[PDB]
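J.: Let's see this in three dimensions:
(chains A, B and C)
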Amino acid sequence: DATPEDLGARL
Amino acid sequence: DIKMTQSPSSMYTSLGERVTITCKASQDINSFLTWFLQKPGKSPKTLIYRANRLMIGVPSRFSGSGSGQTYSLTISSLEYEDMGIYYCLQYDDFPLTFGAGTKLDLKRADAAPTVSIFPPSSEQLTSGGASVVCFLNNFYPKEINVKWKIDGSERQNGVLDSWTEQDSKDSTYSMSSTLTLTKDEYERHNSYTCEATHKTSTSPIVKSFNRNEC
Amino acid sequence: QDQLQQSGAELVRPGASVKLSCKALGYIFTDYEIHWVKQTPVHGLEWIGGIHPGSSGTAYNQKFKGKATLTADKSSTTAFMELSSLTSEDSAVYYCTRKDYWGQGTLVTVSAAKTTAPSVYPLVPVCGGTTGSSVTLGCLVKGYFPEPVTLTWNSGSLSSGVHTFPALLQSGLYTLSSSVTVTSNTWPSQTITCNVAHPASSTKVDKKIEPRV
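T.: Residues are numbered from 1 along each chain as shown, chains lettered A, B, ... in the order given. The relevant structure is shown in the block below.
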C-alpha cells in the first residue's frame, strides 16, 4: 500500500 | 529536534461522538506524519500515514489533515474499539519524534471510590513483614490521590500504587495502595489510616483501624 | 501482506548484552527502512534509530549512539538491534517499525533476580466494618519472580466484582493484589478462596479468606 514515502533516505 | 506538541492530552468522550486530536510540529514537517493508536498492553496500530492516507484495513471514520506544522486526526463517530491512546509521529527529519499522545476515555457521571483497608494477615506477620492494603474501587474520573498516616502523621515511603484501566462495563477505575513495613516497625504503632481524595468531594474519604483493636 | 514479527521476551543480567530480531514478511525488505522504538512507563516512546536493508544506511538517536547497533540481513529479511551494557534503565518493550507497520514488540527485563515463588496472604476485612450490603475481600501476591502469575477466585467461579491490579516491582521482586466484592450475607457463610499459580516456580497456591480475631 504505502511506498517508500514513509522514509527512503536510506539511513 | 522537531517537537510535536499533541493535544488534548486527555479526552473524555461518548460513543458516536466526533473526535479531533491535534499535533503541532515546532517546524514545517511537510505532511510526513503518521497517526497511530495503542491499546493497553498491545502494540501500536497505524491509522494514517503521510498526514492523510488511510492505512489499508482501517475504517473510513478515521481521517487526517494539515500541511505545515498543524495536523489533525478526526474520528467521525467514536466506537468502543477506538478507546486507547492516540499518537502522532513525525518522520520528516531525524531524530524521529513523537507526540505525548492523547488518552481517549468513555465519559460518565462522577463516582466516588469505595474504600476498604486491610491490616496485615497473620501469615505474613509470622513471616516478619507487614503490608497494609487499601483499595479505592470503582470511581471516575481516573484522577485520585491517596495518603497514608501512622498514629496521626503521614507515611511517605513503603507505599506502592497500582491502577486498572477503565472498566468496560461501568467505565470506572480502581487503584490499589499497599504500605509495607517490617513486622517490628508495624508493631510500634497503633492507628493506620488510608485517605482518598477525589474530585467527587472536598473532604477526603478516610478509612482506618487500630492494632490494639485487632 | 504487511508484517513484522519480533523475537521473544528477554531476561538478561546487568552488564550483559542482547540482540533482538525483526522478521519482515509481505513486502520488499530492501525497499523500506526499519526502525526501532523504545517504550517505558516513565519515559514513553523513544526513537532509537533506523536501518535501510538495501543501502545498509543507518541513523541513530544520539542518545543511543554507542549503546545500540542496528544491522539487517537480506537473505532472511530480518533486522537486528543489539544493546550492550544492559542496566535496568534498558528494561522496556522494544518495537521495530516500518513507520506504518509495527512489530508486536519484545519485552526486555534487566534483572539479577532469581526465580522466586510468591507468598500469598489472605486479606480479610477489618474486624467489624461490615457496615453495608456488601463486603470486600482481598488477596496479596508478594515477592515473586519472574512474571507472570495468574490468580482467580473460587477456581474461577467468582469473576464479577473482581479487581486484579497490575503487578509492581517491590525491592527487586513482583507484588500483586486483587480485590473481590460480594454481598454481605454471602461471606463468610460461604467460602471465598484465592487461587494463585506461578508457572515459573511451578507454584499452585489456594487460600481461604477467614475472618479475623
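
J.: Grab the nearest non-local neighbour of residue B:124.
T.: The spatial neighbour of residue B:124 that comes closest, neighbours along the chain excluded (C-beta to C-beta, 6 or more residues apart in numbering or on different chains), is residue C:121 at 4.6 Å. C-beta: built from backbone N, CA, C; applies to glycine.

J.: Could you do residue B:165 as well?
T.: Counting by C-beta to C-beta, 6+ apart, residue B:165 lies nearest to residue B:40, which is 5.1 Å off, once chain neighbours are set aside.

J.: so the one you found sits right up against residue B:163, yeah?
T.: No. Contact status for residue B:40 versus residue B:163: not in contact, 10.7 Å apart, counting by C-beta atoms under 8 Å.

J.: For the two, indicate the residue with more neighbours.
T.: residue B:163 (14 against 11; other C-beta atoms under 10 Å in any protein chain shown).

J.: in what helix or strand does the residue nearest to the more buried one when sequence neighbours are not counted lie?
T.: Nearest-residue entry for residue B:163: residue B:175, 4.7 Å, with adjacent residues in sequence omitted and distances by C-beta to C-beta, 6+ apart. Per DSSP states H and E: residue B:175 is located in strand B:173-182.

J.: The next helix or strand after that strand - contacts with which helices or strands?
T.: Next helix or strand after strand B:173-182 toward the C-terminus (DSSP H and E): helix B:183-186. Packing partners of helix B:183-186 (3 or more C-beta pairs under 8 Å, 6 or more residues apart in numbering or on different chains; DSSP states H and E): helix B:122-127, strand B:129-139.

J.: Any chance of CSV for those, columns mean neighbour count?
T.: Shown next, in CSV, are the helices and strands packed on helix B:183-186 (neighbours: other C-beta atoms under 10 Å in any protein chain shown):
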stretch, mean neighbour count
helix B:122-127, 15
strand B:129-139, 23
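
J.: Out of these, which is closest to residue B:152?
T.: Shortest distance between residue B:152 and those, using C-beta to C-beta, is found for strand B:129-139: 15.2 Å.

J.: coming back round to it: quick one: strands adjacent to the strand holding residue B:175?
T.: According to DSSP bridges, strand B:173-182 forms sheet pairs with strand B:129-139 (antiparallel), strand B:159-163 (antiparallel).

J.: one step back: so the residue nearest to residue B:163 versus residue B:198, what's the distance?
T.: From residue B:175 across to residue B:198, the span is 10 Å (C-beta to C-beta, to the nearest Å).

J.: Overlap in contacts, those two.
T.: Taking C-beta atoms under 8 Å, 6 or more residues apart in numbering or on different chains as the criterion, residue B:175 and residue B:198 both touch B:136, B:144.

J.: Does chain A have contacts with stretch C:90-99?
T.: Yes. Against chain A, stretch C:90-99 shows contacts by C-beta under 8 Å from any C-beta of the partner chain at C:98-99.

J.: who touches that stretch?
T.: Outside of stretch C:90-99, the residues that reach it under the criterion C-beta under 8 Å, 6+ apart are A:6-7, B:34, B:43-44, B:46, B:49, B:89, B:91, C:4, C:6, C:20, C:22, C:24, C:27, C:32-40, C:48, C:67, C:79, C:81, C:83, C:102-103, C:105-111.

J.: gap between the two ends of it?
T.: Start-to-end span of stretch C:90-99 (C-alpha to C-alpha, to the nearest Å) is 22 Å.

J.: center of chain A - which residue?
T.: residue A:4 (2.5 Å; C-alpha atoms, centre = their mean).

J.: Neighbours of the closest residue to chain A within chain B, how many?
T.: When distances are taken as C-beta to the nearest C-beta, chain B reaches nearest to chain A at residue B:56, 4.4 Å away. Residue B:56 sits with 9 neighbouring residues when counted by other C-beta under 10 Å.

J.: Confirm for me that it is in contact with residue A:1.
T.: Yes. Here residue B:56 lies in contact with residue A:1, judged by C-beta under 8 Å, at a distance of 4.4 Å.

J.: any common contacting residues for these two?
T.: Here residue B:56 and residue A:1 have residue C:2 as joint contacts, going by C-beta under 8 Å, 6+ apart.
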